[PDB]
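Have a look at the structure below, then the notes.
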Amino acid sequence: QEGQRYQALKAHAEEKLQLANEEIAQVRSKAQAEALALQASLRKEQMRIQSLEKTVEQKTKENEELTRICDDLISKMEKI
Amino acid sequence: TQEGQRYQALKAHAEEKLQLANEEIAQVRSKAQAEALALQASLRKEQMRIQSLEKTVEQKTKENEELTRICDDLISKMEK
């Protein structure tokens, strides 16, 4: 019959489709996972960036303050 | 035959469904890898700027170290 051909093929077509849907789920999942991982690593790096920038601002402040204090000391020693 | 028309329409439905599934898979992998490599580019950028900032931090740490040192010297001379 044509019934025969069509069914015998129907089994296999069905298998291929279910396989395809499993892989759809796989790839959706994996994609979200990578998105999360990468966004996290990223904003953590940005966090270290702003941290280091502030450590720099503060190092700078520390050296104008050191200069202020020792130059004040020196100025006062000169008026003795 | 018309039974052939029916089986043609049926099979067309099965393989169009399959086509759409594989298209979904393709789309997801495409989008995912695209965004992934953009984000990894960004990560790269940030890690190298981090390295630079670390350099500046060490540099200023040393400078302040020196200023502090010689100030402490002047002081210690003026103590006794």
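So the sequences go chain by chain: S and E.
Going by UniProt numbering, the first sequence opens with residue 759, and the numbers climb by one from there.
Going by UniProt numbering, the second sequence opens with residue 758, and the numbers climb by one from there.
Idealized CB from N, CA, C, for every residue including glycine.
The alpha helix (DSSP H) that contains residue i, what's its start and end?
i	result
residue 846/E	A question about residue 846/E goes unanswered here, because the residues of chain E that appear run from 758 up to 837.
Can you name, in chain order, every residue of its own chain whose Cβ lies under 6 Å from the Cβ of residue i, other than the five neighbours on each side?
i	result
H770/S	none
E792/S	none
Counting only the same chain and skipping the five closest in sequence on each side, list residues whose C-beta sits under 7 Å from that of residue i.
i	result
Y764/E	none
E811/E	none
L775/S	none
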